[PDB]
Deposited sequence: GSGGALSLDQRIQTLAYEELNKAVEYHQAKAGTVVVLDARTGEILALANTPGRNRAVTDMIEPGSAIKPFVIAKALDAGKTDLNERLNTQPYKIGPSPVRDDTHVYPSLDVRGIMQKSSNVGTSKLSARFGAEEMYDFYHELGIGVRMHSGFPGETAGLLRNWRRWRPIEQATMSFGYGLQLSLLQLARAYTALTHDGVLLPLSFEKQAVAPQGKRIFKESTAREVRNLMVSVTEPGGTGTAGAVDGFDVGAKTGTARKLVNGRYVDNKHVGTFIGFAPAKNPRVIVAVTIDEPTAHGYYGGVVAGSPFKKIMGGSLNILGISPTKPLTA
């Protein structure tokens, strides 16, 4: 009684190969979760090791929704505040959006434009220790004990050694590491009404008691705000799925490789869930070091998500246009 769905696995495998070949990338990974149970429905890798499981990545933009959720959850911001989002400095260190300037944005805007400034200022309303604990409770630095070879814990540095610049760069996804599976896992906290799920490779007749991280209503509102990422105006319109509202993030993630000098490998990333309001599927795609022609992880995400929803009998919630 494995949780894996062949129809979805075949679809994940095929769109992944297609995308990796088209972009001439080194490698690729897809994870598909049942957004309500945490069942792994698919897990596809290009040939070689199980990167979904073994490869620590710095998540980039994909971590942002969590910072924003924490800030809404604690009442440190709300849906009406306009933040000053001008580039600014911490000590010598510039913080900037890439590479637009947005003078001000509300929280929806911060999500929509995936703003580094807005995110890092929402993070800065918490102490280093509170943020550390938050990242830890998302499972960052905590082994999943999947039972696969090469698995590791990840990296969350002790908060006592954090500089204010490091707290801020962690809020936009650098200086801490987790696997794609750990990242897809964190997303269940958003889809399953504030409750983080442990994930399982086996079919579930429960489904499991997870661990509350956010209020239900915080998760519900964050999902709505993530819809603006895939709509016109957002940074992830490449991951829009006809007929559905999709909540998602795109970004370039990083993979570190030792040793003489550490190699910063770039990884195209797209992660999301749909239907946004009542999610049924989380899809996460990474594509390692694309070379030709971020639509990179977006198109296969778009195809895998669309195809998974059809396979599972989930109907569109809005009109089709083309």
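Stretches of the record's deposited sequence for which the structure holds no C-alpha atoms: Coordinates drop out over 1-4, 298-301.
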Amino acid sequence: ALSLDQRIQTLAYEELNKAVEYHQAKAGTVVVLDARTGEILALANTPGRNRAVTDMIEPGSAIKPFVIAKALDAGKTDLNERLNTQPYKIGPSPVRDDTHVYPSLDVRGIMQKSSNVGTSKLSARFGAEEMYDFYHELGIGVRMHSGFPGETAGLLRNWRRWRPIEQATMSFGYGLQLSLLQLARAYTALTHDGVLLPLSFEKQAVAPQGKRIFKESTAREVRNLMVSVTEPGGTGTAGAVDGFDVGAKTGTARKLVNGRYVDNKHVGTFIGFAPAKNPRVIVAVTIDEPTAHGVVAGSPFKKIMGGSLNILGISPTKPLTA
From here on, numbers count along this sequence of modelled residues.
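Stretch with the higher entry mean CA B-factor, where the candidates are 227-235 and 206-214: In the deposited entry, the stretch with the higher C-alpha B-factor mean is 206-214.
Mean Cα B-factor comparison, 140-148 or 166-174, giving the higher one as deposited: Averaging CA B-factors over each stretch, the winner is 140-148.
Residue with maximal Cα B-factor (values as given in the PDB entry) among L72, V246, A124, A153: Of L72, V246, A124, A153, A153 has the highest C-alpha B-factor.
Residue with highest C-alpha B-factor in the PDB entry, from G118, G194, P103, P198: The listed residue with the largest C-alpha B-factor is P103.
Among modelled residues of the same chain, the CA temperature factor third for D263: Middle third of the chain for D263's C-alpha B-factor.
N158 CA temperature factor, ranked by third within the chain: CA B-factor rank for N158: middle third.
CA B-factor ranking of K89, expressed as a third of its chain: It belongs to the highest third of the chain when residues are ordered by C-alpha B-factor.
Chain-wide C-alpha B factor ranking for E289, given as lowest, middle or highest third: It falls in the top third of the chain.
Where the record places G48 (Cα B-factor, split into thirds across the chain): Tercile = highest for this residue's CA B-factor.
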